[PDB]
Amino acid sequence: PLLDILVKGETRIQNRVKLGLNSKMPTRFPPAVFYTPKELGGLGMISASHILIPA
Amino acid sequence: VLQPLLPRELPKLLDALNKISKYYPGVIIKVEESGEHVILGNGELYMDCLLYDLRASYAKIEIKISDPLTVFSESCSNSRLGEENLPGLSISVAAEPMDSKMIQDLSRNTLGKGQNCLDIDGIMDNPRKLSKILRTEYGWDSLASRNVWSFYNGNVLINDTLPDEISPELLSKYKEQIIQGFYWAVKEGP
Amino acid sequence: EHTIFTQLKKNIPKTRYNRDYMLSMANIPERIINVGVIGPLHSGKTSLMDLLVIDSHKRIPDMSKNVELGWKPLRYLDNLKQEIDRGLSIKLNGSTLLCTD
Amino acid sequence: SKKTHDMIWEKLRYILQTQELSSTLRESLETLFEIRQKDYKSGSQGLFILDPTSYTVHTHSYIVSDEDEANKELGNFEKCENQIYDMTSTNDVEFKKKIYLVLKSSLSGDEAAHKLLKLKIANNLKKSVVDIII
Amino acid sequence: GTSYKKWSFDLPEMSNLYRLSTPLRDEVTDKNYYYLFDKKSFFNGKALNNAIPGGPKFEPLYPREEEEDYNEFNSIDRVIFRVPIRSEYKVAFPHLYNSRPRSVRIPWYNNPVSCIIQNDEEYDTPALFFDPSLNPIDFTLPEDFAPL
Amino acid sequence: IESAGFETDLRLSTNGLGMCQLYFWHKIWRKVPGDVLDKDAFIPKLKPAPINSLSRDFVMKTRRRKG
Amino acid sequence: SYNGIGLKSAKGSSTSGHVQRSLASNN
RNA sequence: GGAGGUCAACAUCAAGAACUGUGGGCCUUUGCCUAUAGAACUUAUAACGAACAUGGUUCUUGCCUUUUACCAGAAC
Ligand SMILES: Nc1nc2c(ncn2[C@@H]2O[C@H](COP(=O)(O)OP(=O)(O)OP(=O)(O)O)[C@@H](O)[C@H]2O)c(=O)[nH]1
């Protein structure tokens, strides 16, 4: 359940940024936008939620 | 194996299993000391036709089901003591396999026409006749042929012992008591 | 829901062969024979019976223009709704009708 | 020559169904019949070591009722008065990433062993994939 | 007529149309092929929240499975594990391998296993022929008397 | 015991050509490969048990269901 | 096929719901 | 008088497997029993349509600043 809740949380924040502008388009928001460290001018958010979850 | 989902619906599930007993003749319904009901049927599709009528047509309840299972049976492949709980009696019973040909024949209930082995069901007819029947086909025992005692929902019995010679008067009183104590025994198993 | 059945006497299909003459034959023991039809799957047993009945009866209410014409076999004996859906025969069902040799 | 062959089969077929034959002979006969449905797929494998245009295709049109020559006499003796080496590891470095990234994702070790086994690495590299993991 | 409904055709014309339409209406012709794919199996898979390998996936229909009765009934101690029970069985015989099926339709079961044969290559082969595929298998009447 | 969903696998793998009918008539019964009393051989849960001992399995299971 | 694994459906999910068998754990 | 009409109006088209009319009998015409005449169209792996859209209300959900526009299952 903790892993499931991680996957919900991380997508919910990314959605926070996307709805913040106006798009859910994947093409506009490549993962470099969320995952580049702030020193290169991204959000630098730290992703624990990709994984693969044992089912 | 069945159990109703809501256990307060047990009185309803019984009314249907009495119906389903009627309508589908090849079904065998049982009840155990675990409370569950056992339904027996020829095969997959035949079970599937019950459980539709059971769930929908007859009993409107919803019921749990086991995984597909089978029925098993017990046998033996090759001294003795046994004792009463109020030990006045002590009984001693050996067991042996039956020759593959013998049960091969018993599996077919038959009236013994021609060279085919007569079924064990003919015990009402002369037992000495049966002693010839057994010894003719199989090379069956001479002493045990006349001593073959009774038959079952299954295999056969033999009385061989000195007390049968000692007190055939008193034992013949207890025989119809013993056969009651067999069906009761072999309808279940160890 | 359970079966497709005719519950009103006025709707029973009329029989050309005149039922009450059939009831006369019931007395003579040698006159009647009880014959069941058996065989493996989908050999035509139920659709065989379906020949005798339509030849026996003059009008049947359960004939669609489609099953009359050809395309879909009528199955009179497969009354149960399971058997209709399951595409199969479950419980045995017969009929009693007179026919000339 | 499908049709002539077909005709022969029909004649061959004719014998088996409506004729009496020796049991050993018939069973072999039937088996050929079985194969026709099968298609001979244990009878078309061999030493076709000339291309269909490299065999200069002198398809000799004999008939087995000619009277032919067979020149045994030519089997006598007689008396005839007549390229860049790569010192870069760039090929390898790309394959250290791939593993190391599969490895630095993946909670637990059983889901990082799913990924590696899902790549189907060649037996050549499987020696040197352990080198990276260590 | 001019109103242009109710068409009627002759045989060879239909032969021509069926001949032309092969790139489109070419398809399978046995009920048997469809098997689990027919509606009723899709309606089941929707009702039971399973999926055939190539079938569509819907929402549960009974999203609440979450109530639980903790009982000795189906315990692993008591189960004989000899077979997978792959989901195709749950759809194939929905009332047996399944438990609690609701809004389920009866699946139709079986067809005859069509042997139908036609050879599509030479139109000049006859209509009646023995296909390669098949297993190999005192008194007188008046003259002029013949078959009908 | 092995025949659960036997028919479908036959009809699925062969793409609807094929068929099966499973009957009991001959009433042939046959021994289970294990040894009905052994307290050891079995190896773990949630797999079909290894054929070396299947009889202790079926016994220890039916018994738990029965009592 | 859905053999008891995966999700009731991927809606509340946040994922695609793609289930794949594990190569590591078999024997 | 016949063959027709990308003409029109009216009637009818999801029901104890399921329609009407008639003669007689009980009731005293509804209803029940009985004999009989005629039943076009739509139906059994169920239906006017070998096809397939949208809306409303109420439930359970999904996105989640709020309404519109929406996610996707159910009943009506
Ligand atoms: N091609 C062909 N098909 C037929 C013929 N007769 C029957 N069938 C089909 O084969 C099937 C057999 O029809 P049924 O009468 O229902 O089969 P059955 O004898 O009732 O089978 P049971 O379920 O055992 O009662 C049906 O689906 C028919 O459509 C035939 O003469 N030719």
# chains A, B, ... in the order shown; residues from 1 in each chain; ligands from 1

$ residues_around --residues "residue H:76" --least-positions-apart "2" --cutoff "12 Å" --atoms "only C-alpha atoms (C1' of nucleotides)" --output "PyMOL selection string"
chain H and resi 56-59+74

$ closest_atom_pairs --of "chain E" --to "ligand 1" --cutoff "10 Å" --atoms "only C-alpha atoms and all ligand atoms" --output "Markdown table"
| residue | atom | partner | partner_atom_place_in_ligand_line | distance |
| --- | --- | --- | --- | --- |
| E:110 | CA | ligand 1 | 27 (O) | 9.0 |
| E:111 | CA | ligand 1 | 27 (O) | 6.8 |
| E:112 | CA | ligand 1 | 10 (O) | 6.4 |
| E:113 | CA | ligand 1 | 10 (O) | 10.0 |
| E:114 | CA | ligand 1 | 1 (N) | 8.4 |
| E:115 | CA | ligand 1 | 1 (N) | 9.8 |
| E:116 | CA | ligand 1 | 1 (N) | 9.4 |

$ write_last_selection --atoms "N, CA, C and O atoms" --output "PDB file, in the first residue's frame"
ATOM      1  N   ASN E 110     -20.852 -26.070 -27.491  1.00  0.00           N
ATOM      2  CA  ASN E 110     -20.091 -26.661 -28.588  1.00  0.00           C
ATOM      3  C   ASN E 110     -20.740 -26.667 -29.978  1.00  0.00           C
ATOM      4  O   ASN E 110     -21.939 -26.529 -30.086  1.00  0.00           O
ATOM      5  N   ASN E 111     -19.928 -26.829 -31.021  1.00  0.00           N
ATOM      6  CA  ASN E 111     -20.400 -27.044 -32.397  1.00  0.00           C
ATOM      7  C   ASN E 111     -19.830 -28.351 -32.987  1.00  0.00           C
ATOM      8  O   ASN E 111     -19.014 -29.015 -32.359  1.00  0.00           O
ATOM      9  N   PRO E 112     -20.283 -28.748 -34.181  1.00  0.00           N
ATOM     10  CA  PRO E 112     -19.945 -30.065 -34.697  1.00  0.00           C
ATOM     11  C   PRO E 112     -18.516 -30.346 -35.172  1.00  0.00           C
ATOM     12  O   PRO E 112     -18.202 -31.502 -35.437  1.00  0.00           O
ATOM     13  N   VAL E 113     -17.650 -29.351 -35.247  1.00  0.00           N
ATOM     14  CA  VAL E 113     -16.294 -29.533 -35.839  1.00  0.00           C
ATOM     15  C   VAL E 113     -16.389 -29.752 -37.330  1.00  0.00           C
ATOM     16  O   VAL E 113     -16.287 -30.865 -37.807  1.00  0.00           O
ATOM     17  N   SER E 114     -16.621 -28.652 -38.033  1.00  0.00           N
ATOM     18  CA  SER E 114     -16.789 -28.655 -39.471  1.00  0.00           C
ATOM     19  C   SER E 114     -15.612 -29.282 -40.182  1.00  0.00           C
ATOM     20  O   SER E 114     -14.463 -28.959 -39.911  1.00  0.00           O
ATOM     21  N   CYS E 115     -15.936 -30.175 -41.114  1.00  0.00           N
ATOM     22  CA  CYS E 115     -14.966 -30.778 -42.010  1.00  0.00           C
ATOM     23  C   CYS E 115     -14.944 -30.098 -43.385  1.00  0.00           C
ATOM     24  O   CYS E 115     -14.234 -30.581 -44.241  1.00  0.00           O
ATOM     25  N   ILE E 116     -15.665 -28.992 -43.579  1.00  0.00           N
ATOM     26  CA  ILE E 116     -15.937 -28.481 -44.928  1.00  0.00           C
ATOM     27  C   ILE E 116     -14.662 -28.311 -45.752  1.00  0.00           C
ATOM     28  O   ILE E 116     -13.626 -27.902 -45.236  1.00  0.00           O
TER      29      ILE E 116
END

$ residues_around --residues "residue A:44" --least-positions-apart "5" --cutoff "10 Å" --atoms "only C-alpha atoms (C1' of nucleotides)" --output "PyMOL selection string"
chain A and resi 32-39

$ interface_residues --of "chain G" --to "chain E" --cutoff "7 Å" --atoms "only C-alpha atoms" --output "NGL selection string"
:G and (1-3 or 8-9)

$ write_last_selection --atoms "N, CA and C atoms" --output "compact mmCIF listing (two decimals), in the first residue's frame"
# COMPACT_ATOMS: atom_id res chain seq x y z
N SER G 1 -3.65 -13.21 -19.94
CA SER G 1 -4.97 -13.36 -19.27
C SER G 1 -4.90 -12.88 -17.81
N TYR G 2 -6.04 -12.50 -17.26
CA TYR G 2 -6.15 -12.04 -15.87
C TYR G 2 -6.39 -13.28 -15.02
N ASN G 3 -5.34 -13.79 -14.38
CA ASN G 3 -5.43 -15.08 -13.68
C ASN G 3 -5.44 -14.86 -12.18
N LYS G 8 -8.28 -4.59 -10.44
CA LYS G 8 -9.69 -4.62 -10.79
C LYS G 8 -9.93 -3.85 -12.07
N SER G 9 -9.22 -2.74 -12.20
CA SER G 9 -9.05 -2.03 -13.48
C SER G 9 -8.15 -0.86 -13.18

$ residues_around --residues "stretch 50-61 of chain C" --least-positions-apart "3" --cutoff "8 Å" --atoms "only C-alpha atoms (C1' of nucleotides)" --output "PDB file with C-alpha atoms (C1' of nucleotides), in the first residue's frame"
ATOM      1  CA  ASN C  11     -53.080 -22.119 -27.813  1.00  0.00           C
ATOM      2  CA  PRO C  13     -51.238 -26.484 -31.501  1.00  0.00           C
ATOM      3  CA  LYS C  14     -54.210 -28.109 -33.205  1.00  0.00           C
ATOM      4  CA  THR C  15     -53.460 -31.645 -34.349  1.00  0.00           C
ATOM      5  CA  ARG C  16     -54.564 -32.793 -37.803  1.00  0.00           C
ATOM      6  CA  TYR C  17     -54.665 -36.412 -36.749  1.00  0.00           C
ATOM      7  CA  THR C  46     -33.702 -33.499 -31.241  1.00  0.00           C
ATOM      8  CA  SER C  47     -33.836 -32.096 -34.769  1.00  0.00           C
ATOM      9  CA  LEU C  74     -36.808 -25.437 -34.642  1.00  0.00           C
ATOM     10  CA  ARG C  75     -36.250 -27.467 -31.568  1.00  0.00           C
ATOM     11  CA  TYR C  76     -39.469 -28.520 -29.968  1.00  0.00           C
ATOM     12  CA  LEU C  77     -37.973 -30.918 -27.468  1.00  0.00           C
ATOM     13  CA  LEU C  97     -48.112 -38.710 -31.246  1.00  0.00           C
ATOM     14  CA  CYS C  99     -48.166 -41.918 -37.010  1.00  0.00           C
TER      15      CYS C  99
ATOM     16  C1'   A H  17     -44.971 -18.213 -26.165  1.00  0.00           C
TER      17        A H  17
END

$ interface_residues --of "chain B" --to "chain E" --cutoff "8 Å" --atoms "only C-alpha atoms" --output "number ranges by chain"
B: 44-45, 47-48, 51-52, 62-69

$ select_by_dssp --residues "chain A" --states "alpha helix (DSSP H)" --output "number ranges by chain"
A: 2-21, 31-35

$ closest_atom_pairs --of "chain E" --to "chain H" --cutoff "7 Å" --atoms "only C-alpha atoms (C1' of nucleotides)" --output "CSV"
residue,atom,partner,partner_atom,distance
E:3,CA,H:6,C1',5.7
E:59,CA,H:73,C1',5.7
E:61,CA,H:73,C1',5.9
E:108,CA,H:45,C1',6.3

$ atom_distance --atom1 "atom CA of residue B:1" --atom2 "atom CA of residue B:38"
4.5 Å

$ closest_residue --among "E:120, E:27, E:127, E:71" --to "residue B:3" --atoms "only C-alpha atoms"
E:71

$ closest_residue --among "C:31, C:41, C:5, C:70" --to "chain F" --atoms "only C-alpha atoms"
C:41

$ atom_distance --atom1 "atom CA of residue A:31" --atom2 "atom CA of residue D:97"
18.4 Å

$ residues_around --residues "residue A:3" --least-positions-apart "5" --cutoff "10 Å" --atoms "only C-alpha atoms (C1' of nucleotides)" --output "ChimeraX atom specification"
/A:8-9,48-54

$ write_last_selection --atoms "N, CA, C and O atoms" --output "PDB file, in the first residue's frame"
ATOM      1  N   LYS A   8       0.586   7.215  -6.578  1.00  0.00           N
ATOM      2  CA  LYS A   8      -0.449   8.230  -6.668  1.00  0.00           C
ATOM      3  C   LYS A   8       0.137   9.601  -6.371  1.00  0.00           C
ATOM      4  O   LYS A   8      -0.155  10.582  -7.068  1.00  0.00           O
ATOM      5  N   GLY A   9       0.923   9.713  -5.327  1.00  0.00           N
ATOM      6  CA  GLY A   9       1.424  11.019  -4.896  1.00  0.00           C
ATOM      7  C   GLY A   9       2.255  11.722  -5.986  1.00  0.00           C
ATOM      8  O   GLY A   9       1.989  12.895  -6.308  1.00  0.00           O
ATOM      9  N   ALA A  48      10.862   8.334  -6.544  1.00  0.00           N
ATOM     10  CA  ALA A  48      10.901   6.955  -6.061  1.00  0.00           C
ATOM     11  C   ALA A  48       9.811   6.094  -6.659  1.00  0.00           C
ATOM     12  O   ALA A  48       9.772   4.917  -6.363  1.00  0.00           O
ATOM     13  N   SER A  49       8.953   6.670  -7.489  1.00  0.00           N
ATOM     14  CA  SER A  49       7.713   6.012  -7.901  1.00  0.00           C
ATOM     15  C   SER A  49       7.717   5.276  -9.242  1.00  0.00           C
ATOM     16  O   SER A  49       6.683   4.724  -9.575  1.00  0.00           O
ATOM     17  N   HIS A  50       8.819   5.228 -10.001  1.00  0.00           N
ATOM     18  CA  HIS A  50       8.771   4.463 -11.264  1.00  0.00           C
ATOM     19  C   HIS A  50       8.783   2.964 -11.050  1.00  0.00           C
ATOM     20  O   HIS A  50       7.750   2.321 -11.240  1.00  0.00           O
ATOM     21  N   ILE A  51       9.889   2.394 -10.636  1.00  0.00           N
ATOM     22  CA  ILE A  51       9.855   1.025 -10.112  1.00  0.00           C
ATOM     23  C   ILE A  51       9.205   0.035 -11.086  1.00  0.00           C
ATOM     24  O   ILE A  51       9.226   0.209 -12.303  1.00  0.00           O
ATOM     25  N   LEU A  52       8.787  -1.077 -10.520  1.00  0.00           N
ATOM     26  CA  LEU A  52       7.748  -1.971 -10.974  1.00  0.00           C
ATOM     27  C   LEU A  52       7.229  -2.580  -9.691  1.00  0.00           C
ATOM     28  O   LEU A  52       8.011  -2.900  -8.798  1.00  0.00           O
ATOM     29  N   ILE A  53       5.929  -2.721  -9.569  1.00  0.00           N
ATOM     30  CA  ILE A  53       5.344  -3.064  -8.288  1.00  0.00           C
ATOM     31  C   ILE A  53       4.952  -4.534  -8.289  1.00  0.00           C
ATOM     32  O   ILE A  53       4.266  -4.991  -9.224  1.00  0.00           O
ATOM     33  N   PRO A  54       5.377  -5.290  -7.280  1.00  0.00           N
ATOM     34  CA  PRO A  54       5.019  -6.689  -7.239  1.00  0.00           C
ATOM     35  C   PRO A  54       3.524  -6.940  -7.005  1.00  0.00           C
ATOM     36  O   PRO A  54       2.970  -6.396  -6.091  1.00  0.00           O
TER      37      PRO A  54
END

$ residues_around --residues "residue D:15" --least-positions-apart "2" --cutoff "12 Å" --atoms "only C-alpha atoms (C1' of nucleotides)" --output "list in words"
residues 8, 9, 10, 11, 12, 13, 17, 18, 19, 20, 21, 22, 25, 26, 29, 30 and 33 of chain D; 136 and 137 of chain E

$ residues_around --residues "residue D:98" --least-positions-apart "2" --cutoff "12 Å" --atoms "only C-alpha atoms (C1' of nucleotides)" --output "NGL selection string"
:D and (91-96 or 100-105 or 115-116 or 119 or 121 or 129 or 132-133)

$ write_last_selection --atoms "N, CA and C atoms" --output "CSV table (one decimal), in the first residue's frame"
chain,number,residue,atom,x,y,z
D,91,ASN,N,31.8,1.7,-27.4
D,91,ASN,CA,30.9,0.6,-27.6
D,91,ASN,C,30.6,0.0,-26.2
D,92,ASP,N,31.6,-0.1,-25.3
D,92,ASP,CA,31.4,-0.7,-24.0
D,92,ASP,C,30.7,0.2,-23.0
D,93,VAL,N,31.2,1.5,-23.0
D,93,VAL,CA,30.6,2.4,-22.0
D,93,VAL,C,29.1,2.5,-22.2
D,94,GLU,N,28.6,2.4,-23.4
D,94,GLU,CA,27.2,2.4,-23.5
D,94,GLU,C,26.5,1.2,-22.8
D,95,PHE,N,27.2,0.2,-22.7
D,95,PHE,CA,26.7,-1.0,-22.1
D,95,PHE,C,27.0,-1.1,-20.6
D,96,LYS,N,27.8,-0.2,-20.1
D,96,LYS,CA,27.9,-0.1,-18.6
D,96,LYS,C,26.8,0.8,-18.1
D,100,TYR,N,23.9,-0.4,-15.4
D,100,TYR,CA,23.9,0.4,-14.2
D,100,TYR,C,22.6,1.2,-14.0
D,101,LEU,N,21.9,1.5,-15.0
D,101,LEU,CA,20.7,2.3,-14.9
D,101,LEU,C,19.5,1.3,-14.6
D,102,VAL,N,19.5,0.2,-15.2
D,102,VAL,CA,18.6,-0.9,-14.9
D,102,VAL,C,18.8,-1.3,-13.4
D,103,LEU,N,20.0,-1.2,-12.9
D,103,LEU,CA,20.4,-1.6,-11.6
D,103,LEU,C,20.1,-0.5,-10.5
D,104,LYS,N,20.3,0.8,-10.8
D,104,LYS,CA,20.0,1.9,-9.9
D,104,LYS,C,18.5,2.4,-10.0
D,105,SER,N,17.7,1.8,-10.9
D,105,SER,CA,16.2,1.9,-10.7
D,105,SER,C,15.9,0.7,-9.8
D,115,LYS,N,14.6,-7.3,-15.0
D,115,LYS,CA,15.0,-6.4,-16.1
D,115,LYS,C,16.2,-7.0,-16.8
D,116,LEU,N,17.2,-7.5,-16.1
D,116,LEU,CA,18.3,-8.0,-16.8
D,116,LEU,C,18.0,-9.3,-17.7
D,119,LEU,N,16.3,-8.4,-20.9
D,119,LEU,CA,17.1,-7.9,-22.0
D,119,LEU,C,17.5,-9.0,-23.0
D,121,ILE,N,20.6,-10.7,-22.8
D,121,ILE,CA,22.0,-10.4,-23.1
D,121,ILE,C,22.6,-11.7,-23.7
D,129,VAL,N,28.8,-8.8,-17.8
D,129,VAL,CA,27.7,-8.1,-17.0
D,129,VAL,C,27.9,-8.4,-15.5
D,132,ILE,N,30.2,-5.8,-14.0
D,132,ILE,CA,29.6,-4.5,-13.7
D,132,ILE,C,28.9,-4.6,-12.4
D,133,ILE,N,28.1,-5.7,-12.2
D,133,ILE,CA,27.4,-5.8,-11.0
D,133,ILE,C,28.3,-5.8,-9.7

$ closest_atom_pairs --of "chain C" --to "chain H" --cutoff "9 Å" --atoms "only C-alpha atoms (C1' of nucleotides)" --output "tab-separated table"
residue	atom	partner	partner_atom	distance
C:4	CA	H:17	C1'	6.4
C:5	CA	H:17	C1'	6.3
C:6	CA	H:17	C1'	6.0
C:7	CA	H:16	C1'	6.5
C:8	CA	H:16	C1'	7.6
C:61	CA	H:17	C1'	7.3
C:62	CA	H:17	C1'	6.6
C:64	CA	H:43	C1'	7.0
C:74	CA	H:44	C1'	8.9
C:84	CA	H:44	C1'	6.9
C:85	CA	H:45	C1'	6.2
C:86	CA	H:45	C1'	8.1
C:87	CA	H:45	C1'	7.3

$ write_last_selection --atoms "N, CA and C atoms" --output "mmCIF file, in the first residue's frame"
data_model
loop_
_atom_site.group_PDB
_atom_site.id
_atom_site.type_symbol
_atom_site.label_atom_id
_atom_site.label_comp_id
_atom_site.auth_asym_id
_atom_site.auth_seq_id
_atom_site.Cartn_x
_atom_site.Cartn_y
_atom_site.Cartn_z
ATOM 1 N N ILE C 4 -39.692 -22.131 -21.921
ATOM 2 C CA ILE C 4 -40.559 -21.518 -22.930
ATOM 3 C C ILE C 4 -41.695 -22.512 -23.143
ATOM 4 N N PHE C 5 -42.858 -22.217 -22.584
ATOM 5 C CA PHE C 5 -43.933 -23.207 -22.466
ATOM 6 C C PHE C 5 -45.297 -22.633 -22.845
ATOM 7 N N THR C 6 -46.221 -23.479 -23.290
ATOM 8 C CA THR C 6 -47.582 -23.023 -23.610
ATOM 9 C C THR C 6 -48.568 -23.384 -22.497
ATOM 10 N N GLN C 7 -49.091 -22.380 -21.811
ATOM 11 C CA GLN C 7 -49.871 -22.617 -20.595
ATOM 12 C C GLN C 7 -51.374 -22.436 -20.784
ATOM 13 N N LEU C 8 -51.820 -22.181 -22.008
ATOM 14 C CA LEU C 8 -53.247 -21.964 -22.259
ATOM 15 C C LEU C 8 -53.762 -22.998 -23.247
ATOM 16 N N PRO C 61 -47.458 -22.267 -32.928
ATOM 17 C CA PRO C 61 -47.230 -20.882 -32.566
ATOM 18 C C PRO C 61 -45.773 -20.489 -32.389
ATOM 19 N N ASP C 62 -44.898 -21.449 -32.123
ATOM 20 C CA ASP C 62 -43.481 -21.145 -31.862
ATOM 21 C C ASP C 62 -42.626 -21.176 -33.126
ATOM 22 N N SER C 64 -41.185 -19.305 -36.002
ATOM 23 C CA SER C 64 -40.906 -18.079 -36.707
ATOM 24 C C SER C 64 -40.869 -18.364 -38.199
ATOM 25 N N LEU C 74 -35.899 -25.489 -35.776
ATOM 26 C CA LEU C 74 -36.808 -25.437 -34.642
ATOM 27 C C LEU C 74 -36.443 -26.570 -33.738
ATOM 28 N N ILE C 84 -31.665 -23.979 -24.499
ATOM 29 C CA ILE C 84 -31.678 -23.083 -25.646
ATOM 30 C C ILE C 84 -30.395 -22.283 -25.689
ATOM 31 N N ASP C 85 -30.008 -21.734 -24.548
ATOM 32 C CA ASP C 85 -28.770 -20.968 -24.487
ATOM 33 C C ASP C 85 -27.534 -21.832 -24.579
ATOM 34 N N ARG C 86 -27.486 -22.874 -23.791
ATOM 35 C CA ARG C 86 -26.378 -23.805 -23.803
ATOM 36 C C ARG C 86 -26.232 -24.509 -25.112
ATOM 37 N N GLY C 87 -27.225 -24.459 -25.968
ATOM 38 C CA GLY C 87 -27.080 -25.034 -27.304
ATOM 39 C C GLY C 87 -27.017 -26.539 -27.294
#

$ interface_residues --of "chain E" --to "chain D" --cutoff "9 Å" --atoms "only C-alpha atoms" --output "ChimeraX atom specification"
/E:130-137

$ interface_residues --of "chain F" --to "chain B" --cutoff "9 Å" --atoms "only C-alpha atoms" --output "list in words"
residues 1, 3, 4, 5, 22, 23, 24, 26, 27, 28, 29, 31, 58, 65, 66 and 67 of chain F

$ atom_distance --atom1 "atom CA of residue E:26" --atom2 "atom CA of residue E:6"
24.9 Å

$ closest_atom_pairs --of "chain G" --to "chain H" --cutoff "12 Å" --atoms "only C-alpha atoms (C1' of nucleotides)" --output "JSON lines"
{"residue": "G:9", "atom": "CA", "partner": "H:72", "partner_atom": "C1'", "distance": 10.7}
{"residue": "G:10", "atom": "CA", "partner": "H:62", "partner_atom": "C1'", "distance": 9.8}
{"residue": "G:11", "atom": "CA", "partner": "H:62", "partner_atom": "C1'", "distance": 6.1}
{"residue": "G:12", "atom": "CA", "partner": "H:62", "partner_atom": "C1'", "distance": 5.9}
{"residue": "G:13", "atom": "CA", "partner": "H:62", "partner_atom": "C1'", "distance": 9.1}
{"residue": "G:14", "atom": "CA", "partner": "H:62", "partner_atom": "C1'", "distance": 10.0}

$ write_last_selection --atoms "C-alpha atoms" --output "JSON list (two decimals), in the first residue's frame"
[["chain", "number", "residue", "atom", "x", "y", "z"],
["G", 9, "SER", "CA", -9.05, -2.03, -13.48],
["G", 10, "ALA", "CA", -6.70, 0.86, -13.97],
["G", 11, "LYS", "CA", -8.73, 3.94, -13.30],
["G", 12, "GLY", "CA", -7.98, 4.97, -9.73],
["G", 13, "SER", "CA", -4.61, 3.52, -10.55],
["G", 14, "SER", "CA", -2.16, 6.24, -11.65]]
